[PDB]
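Asker: So that we are looking at the same thing, I have put the structure below in structure tokens.
No value in this document is a laboratory result; all are computed from the given coordinates. Positions of Cβ are backbone-derived with ideal geometry, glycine not excepted, and every protein chain shown enters the neighbour counts.
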Amino acid sequence: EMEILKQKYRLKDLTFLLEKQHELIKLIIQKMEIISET
Amino acid sequence: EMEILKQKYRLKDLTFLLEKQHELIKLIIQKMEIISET
Amino acid sequence: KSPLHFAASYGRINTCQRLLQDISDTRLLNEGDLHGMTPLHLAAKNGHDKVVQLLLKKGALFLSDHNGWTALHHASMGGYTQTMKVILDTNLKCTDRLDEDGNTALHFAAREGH
């Protein structure tokens, strides 16, 4: 029981990190030089 | 049993978010200025 | 040559249309990589439906690379059904092909879990 609870808090930080990282990739595509493949 | 089912739905949203994010990184590399390292 | 193998592998369509304005010479379309991979192979491996449709519209001729794979053997390993429809709706010959290890396009679409 203490092992799956430890894995739930590790996965909850994994969802928080990927959601922070998903906002950066949405911001790279938002502010970017697009000339040749326009 | 209710703990692993709760972890399965958290992981199922983790696969959906990473697959959405994998399409953006494939789209950054698709529309990008590449001059110096061509 | 190598600009076309990069621009087709990573879906850059506008770089591909510039490089294929020399369509009187069809050497660079069906050219090979070090693993014998066509630009049609690379565009279907990463799952780019627009690049595989432009290359088929200019005669990519459905070659085979080393290990005997095709564009359909690459599009299946990856589960990209959109480039799979572009290959299948062109001709019905590629869906019955085999590699050197006897696998069809069906065997790669089932092994990876698509």
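Asker: No solvent, one uniform scatterer per C-alpha: report log10 I(q)/I(0) for region C:2-50 via the Debye equation at q = 0.19, 0.23, 0.24, 0.25 1/Å, two decimals.
Answerer: So the normalised log intensities are -0.54, -0.79, -0.85, -0.92.
Asker: Right, here's the next one. Would you mind pulling out the separation of the Cα centroids of chain A and region C:4-70, in Å?
Answerer: Cα centres, chain A to region C:4-70: 33 Å.
Asker: Exceeding 28 Å between C-alpha atoms, which entries from my cross-link table qualify? They are A:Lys20/B:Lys31; B:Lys8/B:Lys31; A:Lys31/C:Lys58; A:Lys26/B:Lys12.
Answerer: With Cα atoms farther than 28 Å apart: B:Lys8/B:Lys31; A:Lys31/C:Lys58.
Asker: Need one number: convex hull volume per residue for chain C, Cα atoms only, in Å³.
Answerer: 87
Asker: With only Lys, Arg, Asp and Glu charged, each at its Cβ (+1 for the first two, -1 for the last two), find how big the charge dipole of region C:38-104 is about the Cα centre; round to the nearest 20 debye.
Answerer: 360
Asker: Another question, then. Mind checking which of C:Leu28, A:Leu18, C:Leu92 is farthest towards the positive end of the protein assembly as shown's charge dipole, using Cβ charges of +1 (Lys, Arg) and -1 (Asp, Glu) about the Cα centre?
Answerer: In the protein assembly as shown, that residue is A:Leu18.
Asker: What number, in nm² with one decimal, is the all-direction average of the projected area of the convex hull of the alpha-carbon atoms of the protein assembly as shown?
Answerer: Averaged projected area of the protein assembly as shown's Cα convex hull equals 14.2 nm².
Asker: Something else now. Which of the peptides C:28-41, C:72-85 is most tightly packed, and how do the rest follow, judged by the mean count of other Cβ atoms within 10 Å per residue?
Answerer: So the order, starting with the most tightly packed, is C:72-85, C:28-41.
Asker: Suppose a student asked you for the relative contact order of chain C, using Cα pairs under 8 Å spaced at least 6 residues apart; what percent would you report?
Answerer: 22
Asker: If the label for A:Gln7 sits 7 angstrom from Cα along the Cα-to-Cβ line, what are its distances to the same label in every other copy, in nm to one decimal, shortest first?
Answerer: Those label-point separations list as 0.3 nm.
Asker: ³J(HN,Hα) across region A:7-18 via Karplus (A = 6.51, B = -1.76, C = 1.60, θ = phi - 60°), whole Hz, x for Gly/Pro?
Answerer: Taking θ as phi minus 60°, the curve returns 6, 6, 6, 6, 6, 5, 6, 6, 6, 6, 6, 6 Hz for region A:7-18.
Asker: What is the calculated FRET efficiency for B:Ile29 to C:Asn91, with r their C-beta to C-beta distance and R₀ = 30 Å, to the nearest 0.05?
Answerer: Efficiency, rounded to the nearest 0.05: 0.50.
Asker: Can you pull the one-decimal nm distance between simple spin-label points at C:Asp101 and A:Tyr9, each 7 Å off the Cα toward Cβ?
Answerer: In this crude spin-label approximation the distance works out to 4.4 nm.
Asker: Oh, and also: Quick one: putting +1 on the C-beta of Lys and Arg, -1 on the C-beta of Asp and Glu, what dipole do you get for the protein assembly as shown around its Cα centre, in Debye to the nearest 20?
Answerer: 480
Asker: Further question on the same structure: What residues of region C:10-35 lie in the reach of a label at C:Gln82, counting those whose backbone N is under 19 Å from a point 7 Å from the Cα along Cα→Cβ?
Answerer: Taking a point 7 Å out along Cα→Cβ of C:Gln82, the residues of region C:10-35 whose backbone N falls under 19 Å are C:10-17.
Asker: With a/c under 1.5 counting as rounded, go ahead and sort region C:70-114 into rounded, prolate or oblate using the C-alpha gyration tensor (a ≥ b ≥ c being the square roots of the eigenvalues; past the cut-off, prolate if a/b is larger than b/c, else oblate).
Answerer: oblate
Asker: Still on this structure, I have one more. From the phi of every residue in region C:57-64, what ³J(HN,Hα) in whole Hz does the Karplus formula 6.51 cos²θ - 1.76 cosθ + 1.60 yield, where θ is phi - 60° and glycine or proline is x?
Answerer: 6, 10, x, 7, 6, 6, 7, 10
Asker: Let me ask you something else. Taking the Cα centre of chain C as origin, work out the dipole magnitude from +1 charges on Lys and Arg Cβ and -1 charges on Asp and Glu Cβ, in debye rounded to 20.
Answerer: With only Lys, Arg, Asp and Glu charged at Cβ, the dipole is about 420 debye.
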